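This is what each chain is made of:
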Amino acid sequence: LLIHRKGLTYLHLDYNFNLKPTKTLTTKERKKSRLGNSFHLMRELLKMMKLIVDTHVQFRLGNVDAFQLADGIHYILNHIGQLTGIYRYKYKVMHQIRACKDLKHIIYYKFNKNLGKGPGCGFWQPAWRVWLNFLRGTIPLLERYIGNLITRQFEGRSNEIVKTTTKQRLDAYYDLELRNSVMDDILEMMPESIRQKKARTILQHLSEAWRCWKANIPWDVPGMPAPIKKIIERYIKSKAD
Amino acid sequence: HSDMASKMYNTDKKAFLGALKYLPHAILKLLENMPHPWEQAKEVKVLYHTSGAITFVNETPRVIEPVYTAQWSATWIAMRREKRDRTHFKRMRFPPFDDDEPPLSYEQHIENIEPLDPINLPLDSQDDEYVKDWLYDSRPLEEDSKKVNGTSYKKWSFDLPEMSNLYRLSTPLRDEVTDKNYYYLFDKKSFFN
Amino acid sequence: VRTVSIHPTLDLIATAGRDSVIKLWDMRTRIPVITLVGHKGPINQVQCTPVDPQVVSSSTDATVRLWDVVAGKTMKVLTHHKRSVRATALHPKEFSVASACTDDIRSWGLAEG
Amino acid sequence: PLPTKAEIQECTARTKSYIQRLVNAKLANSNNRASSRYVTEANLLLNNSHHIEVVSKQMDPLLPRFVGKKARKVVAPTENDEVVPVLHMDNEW
Amino acid sequence: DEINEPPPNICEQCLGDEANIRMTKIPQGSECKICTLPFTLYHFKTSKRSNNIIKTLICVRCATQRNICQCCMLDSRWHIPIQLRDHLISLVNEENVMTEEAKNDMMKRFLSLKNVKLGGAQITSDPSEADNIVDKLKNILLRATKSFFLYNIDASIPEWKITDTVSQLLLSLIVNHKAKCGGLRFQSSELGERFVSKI
Amino acid sequence: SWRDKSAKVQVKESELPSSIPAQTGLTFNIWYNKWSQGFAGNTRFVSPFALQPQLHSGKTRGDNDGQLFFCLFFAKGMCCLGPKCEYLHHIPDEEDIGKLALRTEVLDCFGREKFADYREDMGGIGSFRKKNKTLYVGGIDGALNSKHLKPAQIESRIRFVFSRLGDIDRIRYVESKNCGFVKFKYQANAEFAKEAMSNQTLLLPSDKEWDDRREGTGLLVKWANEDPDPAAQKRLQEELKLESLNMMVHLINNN
RNA sequence: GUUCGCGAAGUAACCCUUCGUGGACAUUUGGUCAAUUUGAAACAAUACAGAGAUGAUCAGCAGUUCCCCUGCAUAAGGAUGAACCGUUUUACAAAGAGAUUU
RNA sequence: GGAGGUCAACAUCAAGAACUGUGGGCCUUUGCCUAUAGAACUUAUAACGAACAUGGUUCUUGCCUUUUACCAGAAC
Ligand SMILES: O=P(O)(O)O[C@H]1[C@@H](OP(=O)(O)O)[C@@H](OP(=O)(O)O)[C@@H](OP(=O)(O)O)[C@@H](OP(=O)(O)O)[C@H]1OP(=O)(O)O
Ligand SMILES: [Mg+2]
Ligand SMILES: [Mg+2]
Ligand SMILES: [Zn+2]
Ligand SMILES: [Zn+2]
């Protein structure tokens, strides 16, 4: 119902909880239909729960045995990295996976002492403990994630989004605030009103003076007033330091 | 709410979207009452939404600790004996269902079938006399007011022969280290150092 | 942001920048509780004050404003400067403020203006 | 003069009460269930006389709360009649 | 914003005659039909065993600007619609006091935030001028005062007046108002003779 | 009269039309009950059902409870409850209109909320800023399965169809444009007749396509605009003046 | 319906029924929400092009905006996401010179 | 009255080895000293839970085309 509210009708979610397209997608559609980590993480959890409940269903219908039930769901809780695919959405879960794999080693060589190499262990208590302790840690995370997803469904996106200064946009933000800092100090020197069309033509000397600094060309402007040349020379020495 | 195509269910669909914050909690409370190898089927006490959105199993599984140790030791020994006894063990195939098959209804295909045989290591009649009649129940002495407080199932008190019988019967999972000088350089504080 | 004052008795922060607003942050929950929307340019200075002209700010549109933080509006706009007000100061023993300009230093009383 | 020791107290108490009401509303509108452990804690007469009793309703935990809430873009009419004057005084560049 | 929101204005015809009502406050219920913006919807009921549940539909800014109710959309003093109130204020003092109504969903949620008391509400938001114009309405009211083929039907009279008079003077009726060929037809010829007899 | 007999069930619940409509597109959407990957510009059809105002109408459950409102599905022709329906199952007369008068300012006769402005195409419910009483009948050539029928007879059939759903102020059929403008005397009759005669036909048994009336599109009843006839404008101004004098009398008597 | 009485009638004899009768117990659900067209998701198909600083081919970071989409997001993507490329007249005055009129 | 509840609400649960109440004296209420009554639960190879997960920020690393998703130590 989430997939069909979002407008995505060409994605098929079959009863073993796999999401596959019903055609060959365009790129516009592949943009519109990238579901998040939160959807697919909830989806793999439902898949895992489905596998356990189906094996107890098979025990109930009389197709399998008590020992084949125990061996089946012991195999399930050991092989989640092959049966589900939760490792690719929250890779921290590889810890849980390695724990279950390590537990297999210490259980089998207590079980398989003097009785061979076949399947049939079915001592599924420790692996069960590992995945329950994973679940209680990802309750508050997935409540946060799905809360944000569903409120974007009913309520749009916040228009008020501001951008944190990161490594990506730092050399741009230094420029924005450098030029504001320069243009204030030059607007205060003027005895007139500058009326604002002149300001963006004043800052071209700041850009040209920086280009002359990089190229080690001396930057003399012939008819320049003295304190304005002092202001530009000050801020270019700042940027160069 | 199998098929919901009406002007009605406009509210119930929004409830179905609202319950997805709560699906890890429902999965946890389902999965931590996975029945056990010695049980056939157990009844859980669920709490559902009236529109049918989500269904939380509302029950915490309390066990007595030596009784649970002895139950796992009994089924450990029985699974070892059965792996030895069978020549051909058919591990089932996964995933158990087809991808295009809807999950079959409990009320039609499951509930009218009589259940099958659980693990249940067969006990002796006189060596295991005190624990034989209740070892494999769901809550083993849920209603025996001398050996339990009540059906709230919170405190337990046994005699000596019951406790001794659970001591012998749970041999494969006991600690069997009785001196503290075994953990000379494997104690917790050597690990911290 | 170019400015921090700290409230004398109420666990607040008042900050301001090129955003043209003053934000009055709660200090515990770090929520932008009250936003003062008055100016027409970046704010250069914000001073906090314990009695009802509680936030006194000064932007680059040649105004100095005395804010009523409970109501959300301005008590009084001071328009005497001709250019951007770059520096202000509170006087420790007087309950008066001083505002500087490009050559215009004035002194103002608070609670009247 | 400096403001007296009583007006500092009256102003501090009134504004502290206001900031706590705003903080309780902001933490009570959140979707986090953990925020409501950080909050710190009708009848109205509709005419000449009618004596009504304003009750709240108990809502479904799954259906969205504040069903009018949505993300919109709004412009505001900047309206004043306070004219305020701008009280100023009277080749090289 | 909503930390001091004004109490509603519910019409006295809308609240009913029971002296104690309970109404439910939902802090962001519906959004306003005039204003497009959220508000605190109230939904009361008149008596406890009434069938239907009255709820408020417009904002409190939008109600005050028109000086109207929220449940009823009627003017809060005279208890008449906006379109007839503006006619009565416009007909007396001759100002064309007509209410301005915004499309373009940005413009309506722009107009709802200014506080100007829209067109004809300026008079009836005050009791004095609202009584003065009733004093002037006194002056205007004082200066004021089987098949039959019909012909010479008045050009603005409808069919139902003809049928109601015939039901008093005691069916079918087909009247084309252009050609005035009022083809009345009774269900019995005895009723035709009845109507011929009464005239 | 309808006060005597209890209201007959119009169609059974099992014989109701289903959802999942019409197989228009390729894949069916679930959150919206519509079709996707599709092509659709018509999406209209002749309604199978229609009310017969003398045969169907009668007393109901929520007439003894005094409900103000009329059953939407009684009007549309598919009310599957009969004497058990909560709403009223009869044509709005003077007495029922007199009770709705506090609520018709805001919402419908059926009890639906009137929006601020009409629609792009003058759709379903009215607007609460204007008490419109004239209905636009159109799409008649689809309503008659392209049976050209000498327009005075078409105006006679439109006269007869709406004569049963209430009082009529006036009727007009337009020669140049296949449309009609029907003004009722009250508003609730206009609302009732608009929702009662949408998607219907004009055919009646001795008309040679009565067995084949179900194919086609059926007619459109929508809301009429303002009339640019200056005779209609002057009539509207005179009627507005007389209503103004009546309200002057009542406002003076309430002082 | 249960219970405590208070009378009559059947056997009575102090119980047991039919019947009348006073008291006690228990006391106002639900709707912001009606079931196919006419009160409002949208994509997709046929047709045209085939991505900004270019002489040519490209890496990007920003900005302003009553445009937003995917996203758990204050990260990051969406062609540097895109729109940006047009229309442009008065805070208009001073000195001198040449013709018309008084 | 008695037993019980996979019923609810409200207090309380990590600190000079550590709690509350009362009387008397000193200071001027807080606090100090002195005499007295009670303290359930948790705790010394230290903690409610002989069980044990995840999230944020700042450092230090590891995979190295960038961001999510990550490697594994520390502090809050
Ligand atoms: O994981 P699978 O490939 O299905 O096989 C595993 C296991 O693999 P891991 O140890 O990598 O988990 C061992 O196989 P090896 O790769 O170690 O040879 C192991 O074999 P040992 O018994 O020799 O340790 C054992 O096989 P067996 O069933 O014979 O014990 C077991 O199989 P399960 O998957 O059935 O546990
Ligand atoms: Mg860009
Ligand atoms: Mg970008
Ligand atoms: Zn409004
Ligand atoms: Zn009905």
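About the criteria used
Residues numbered from 1 in each chain as written, not as in the entry; some residues may be left out. Chains lettered and ligands numbered in written order. Part of a larger assembly, values for the part shown. Heavy atoms only, no water. Residues with missing side-chain atoms left out of burial classes, pairs and counts. UniProt positions renumbered as here; feature names shortened; annotations may be inferred. Donors = N, O, S within 2.8 Å, 3.2 Å for Na, K, Ca; no water. Tetrahedral: all angles 85-135°; square planar, octahedral: opposite > 155°, others 65-115°. Buried < 20%, exposed > 50% of the residue type's maximum accessible area, 1.4 Å probe, protein only. Pairing = 2+ DSSP bridges. Helix = DSSP H or I, 4+ residues; strand = E, 2+ residues; numbered from the N terminus. Axes fitted to C-alpha atoms, helices over the stretch in contact; angles between N-to-C directions. Contact = heavy atoms within 4.5 Å. Buried area = accessible area lost by both parts, 1.4 Å probe. Salt bridge = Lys/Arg side-chain N within 4 Å of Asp/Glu carboxyl O. Polar contact = N/O pair within 3.5 Å; in protein donor to acceptor, adjacent residues only side chain to side chain. Nonpolar A, V, L, I, M, F, W, Y, C, P; charged D, E, K, R; others polar. Near = heavy atom within 4 Å. Areas by Shrake-Rupley, 256 points an atom, 1.4 Å probe, with all protein chains shown as cover. Core = buried A, V, L, I, M, F, W, Y, C linked by side-chain atoms within 4.5 Å. Parallel < 35°, antiparallel > 145°, perpendicular 65-115°, else oblique. Left-handed = near helix turned anticlockwise from the far one by under 90°. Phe/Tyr/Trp six-rings, centres within 6.5 Å; stacked < 30°, edge-to-face > 60°. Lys NZ or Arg CZ within 6 Å of the ring centre and 35° of its normal. Disulfide = S-S within 2.5 Å.

The record lists cryo-EM as the method behind this PDB entry and 3.3 Å as its resolution.

Under the annotation held in the PDB entry, chain E carries the name Pre-mRNA-splicing factor SLT11 and is attributed to Saccharomyces cerevisiae. For chain E, the Function comment in UniProt is given as "Involved in pre-mRNA splicing. Facilitates the cooperative formation of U2/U6 helix II in association with stem II in the spliceosome. Binds to RNA." Quoted straight from UniProt, the Sequence similarities entry for chain E says "Belongs to the SLT11 family."

The PDB entry annotates chain A as Pre-mRNA-splicing factor Prp8 originating from Saccharomyces cerevisiae.

> Go over the coordination of the zinc ion (ligand 5) with me, naming the residues and quoting the values.
All names here are of chain F. Protein coordination at the zinc ion (ligand 5) comes from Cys71 (SG), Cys79 (SG), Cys85 (SG) and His89 (NE2), with a distance range of 2.1 to 2.3 Å. Classification of the site at the zinc ion (ligand 5) as tetrahedral follows from its four donor atoms and the range of 92 to 134 degrees in their angles at the metal. On the primary sequence, the residues serving as donors to the zinc ion (ligand 5) are separated as C-x7-C-x5-C-x3-H. You'll find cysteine 79 and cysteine 85 in the same group, each marked buried.

> With reference to specific residues and values, describe the sheet that holds strand β6 (residues 220-223) of chain F.
Residues and elements named next belong to chain F. Spatial ordering of the open sheet is given by β4-β5-β3-β6, a layout of four strands whose pairing is antiparallel. Either end of the sheet is taken by a strand with one partner, and the two such strands are β4 (168-174) and β6. Between one strand axis and the next, the sheet turns by 20 degrees as a mean value, whatever way the strands run. When strand β3 (residues 134-138) meets β6, the two strands line up antiparallel, connected through four bridges. Opposite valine 137, over in β6, you have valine 221 as the bridge partner. Across the sheet, helix α4 (residues 152-162) touches β3, β4, β5 (179-184) and β6, and the angle it forms with β4 is around 150 degrees. Strand contacts of helix α5 (residues 187-196): β3, β5 and β6, with the helix running at about 145 degrees to β6, the strand carrying the most contacts.

> Please give an account of the interface of chain A and chain B that cites residues and values.
Between chain A and chain B, the contact holds 63 residues from the first and 52 residues from the second. Summed over both sides, the interface of chain A with chain B buries roughly 5700 Å², with 76% coming from carbon and sulfur. Together, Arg60, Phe67 and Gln68 of chain A form the three largest contributors to the area buried by chain A at its contact with chain B, with a combined 13%. Where chain A packs against chain B, one counts two salt bridges. Taken together, chain A and chain B are joined by twelve residue pairs in polar contact. Tallied by class, the residues present in the side of chain A that touches chain B amount to 38 nonpolar, 15 polar and ten charged.

> Give me the interface of chain A and chain F: which residues, what numbers.
Taken together, the contacts link six residues of chain A with eight residues of chain F. For the pair chain A and chain F, the summed buried surface comes to about 700 Å²; carbon and sulfur atoms form 64% of the total. A per-residue breakdown of the area chain A buries against chain F is headed by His4, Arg5 and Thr9 of chain A, which together make up 69% of the total. Counting every contact that joins chain A to chain F gives zero salt bridges.

> Describe in detail the site of ligand 1, supporting the description with residues and values.
Neighbouring ligand 1 are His79, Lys104, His105, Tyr108, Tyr109, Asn112, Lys117 and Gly118 of chain A together with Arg91 of chain B. Nearby residues place ligand 1 at the junction of chains A and B. One of the side-chain nitrogen or oxygen atoms of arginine 91 of chain B is found 2.7 Å away from an oxygen atom of ligand 1. In isolation ligand 1 offers 630 Å² of accessible surface; the protein chains occlude 56% of this area.

> Which residues make up the protein's contact with RNA strand G, and what values go with them?
Around RNA strand G, the structure places 79 residues, and the nearest of them are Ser38 and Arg152 of chain A, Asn51 of chain E together with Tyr118 and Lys194 of chain F. Taking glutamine 168 of chain A, its side chain carries an N or O atom lying 2.6 Å from a phosphate oxygen of RNA strand G. Separating a base nitrogen of RNA strand G from a side-chain N or O atom of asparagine 199 of chain F is a distance of 3.2 Å. Secondary-structure elements contributing two or more residues to the surface near RNA strand G are α2 (27-32), α3 (37-61), α7 (125-155) and α8 (170-187) of chain A together with β2 (35-36), α1 (72-76) and β6 of chain F. Here the residues of the surface near RNA strand G sort into 32 nonpolar, 25 polar and 22 charged.

> Account for the sheet that holds strand β1 (residues 3-6) of chain C, with residues named and values stated.
Taken in spatial order, the four strands line up as β1-β2-β3-β4 (chain C) in an open sheet, and their pairing is antiparallel. Lying at the two open borders of the sheet, with one neighbouring strand each, are β1 and β4 (32-36) of chain C. Geometrically, the sheet is characterised by an average inter-axis angle of 20 degrees between neighbouring strands, direction not taken into account. Sheet topology places β1 of chain C next to strand β2 (residues 12-16) of chain C; four bridges connect them, and they run antiparallel. Note that in β2 of chain C the partner of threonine 3 of chain C across the bridge is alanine 16 of chain C. The strands touched by helix α1 (residues 5-28) of chain D within the sheet are β2, β3 (22-26) and β4 of chain C, with β4 of chain C carrying the most contacts at an inclination of about 115 degrees.

> Tell me about the nonpolar core, residues and numbers included.
By size, the foremost hydrophobic cluster in this structure holds 90 residues, and its most contacted members are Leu77 and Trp131 of chain A together with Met79 of chain B. If you tally residues by element for this core, the top one is α7 of chain A, at 13 residues. Once residues within four sequence positions are removed from consideration, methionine 79 of chain B is found in contact with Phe67, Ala70, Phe111, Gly120, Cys121, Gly122 and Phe123 of chain A together with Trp72 and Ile119 of chain B. Counting residues in each nonpolar core, the second largest holds 43 residues, with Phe162, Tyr173, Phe192 and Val221 of chain F among its members.

> Outline the packing of α3 of chain A against helix α2 (residues 23-31) of chain B, listing residues and values.
Relative to each other, α3 of chain A and α2 of chain B sit at 20 degrees, their axes nearing to 11 Å. As judged from the angle between their axes, α3 of chain A and α2 of chain B are roughly parallel. For the crossing formed where α3 of chain A meets α2 of chain B, the hand is left-handed. Residue-level inspection shows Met42, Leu45, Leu46, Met49, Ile52 and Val53 of chain A of α3 of chain A in contact with α2 of chain B, the latter providing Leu23, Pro24, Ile27, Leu30 and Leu31 of chain B. Looking at the contact of α3 of chain A with α2 of chain B residue by residue, the class counts come to eleven nonpolar, no polar and no charged.

> Any details on the packing of aromatic side chains? Residues and values, ideally.
This model, assessed by the stated rule, comprises 23 aromatic pairs over all chains. Between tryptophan 124 of chain A and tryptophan 72 of chain B, the ring centres sit 5.6 Å apart and the planes meet at 85 degrees, which makes this aromatic pair edge-to-face. Residue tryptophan 124 of chain A is located in the loop between α6 (94-111) and α7, and its partner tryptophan 72 of chain B is located in helix α3 (residues 65-85); the two belong to separate chains. Both residues of the pair, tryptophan 124 of chain A and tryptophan 72 of chain B, count as buried. Measuring from centroid to centroid gives 5.1 Å for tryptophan 156 of chain B and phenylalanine 158 of chain B, while their planes differ by 55 degrees, and the two rings are tilted. Here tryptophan 156 of chain B falls in the partly exposed class, since its relative accessible area comes to 39%. Every member of this aromatic cluster is reached through a ring pair, and the members are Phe111, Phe123, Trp124 and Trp128 of chain A together with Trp38, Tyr68, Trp72 and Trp76 of chain B. The ring of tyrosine 10 of chain A has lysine 23 of chain A sitting right over it, with the charged end atom 5.1 Å from the ring centre. Its guanidinium or amino end placed over the ring of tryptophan 160 of chain E, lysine 185 of chain F lies 3.3 Å from that ring's centre, counting from NZ or CZ.

> An account of the pattern of salt bridges is needed here, citing residue identities and associated values.
Across all of its chains, the model carries 42 salt bridges over all chains by this definition. The shortest N-O distance in the salt bridge between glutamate 143 of chain A and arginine 33 of chain D comes to 2.9 Å. Of this pair, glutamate 143 of chain A sits in helix α7 while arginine 33 of chain D sits in the loop between α1 and β1 (43-44), on two different chains. Since its relative accessible area comes to 55%, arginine 33 of chain D is described here as exposed. The salt bridge involving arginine 174 of chain B is made with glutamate 176 of chain B; its shortest N-O contact spans 2.3 Å. Through salt bridges that share partners, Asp108, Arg112, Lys194 and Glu195 of chain F make up one connected network.

> Hey, could you go over the arrangement of the chains for me, with residue numbers and the actual values?
Here nine pairs of chains are in contact, and chains A and B lead that list by number of contacts. Spatially, chain B and chain C are disjoint, and the shortest separation between their C-alpha atoms is 24 Å. With no contact formed, the shortest span from any C-alpha in chain B to any C-alpha in chain E equals 15 Å.

> Go over the state of the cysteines with me, naming the residues and quoting the values.
Between two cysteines, a covalent bond joining their sulfur atoms is known as a disulfide. The final tally for this structure, using the stated rule, is one disulfide over all chains. The partner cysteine of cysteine 14 of chain E in its disulfide is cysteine 72 of chain E, sulfur to sulfur 1.4 Å. Here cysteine 14 of chain E and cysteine 72 of chain E share a disulfide; its torsion about the S-S bond, -90 degrees, makes the bridge left-handed. Residue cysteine 14 of chain E is found in helix α1 (residues 12-15), and its partner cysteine 72 of chain E is found in the loop between α2 (60-65) and α3 (82-91); the two are separated by 58 residues along the sequence. Relative accessible area serves as the criterion here: at 7%, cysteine 14 of chain E is assigned to the buried category. We classify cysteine 72 of chain E as buried; its relative accessible area is 4%. In this structure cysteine 100 of chain A is a free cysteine whose sulfur lies 13 Å from that of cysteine 121 of chain A, the closest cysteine sulfur available.

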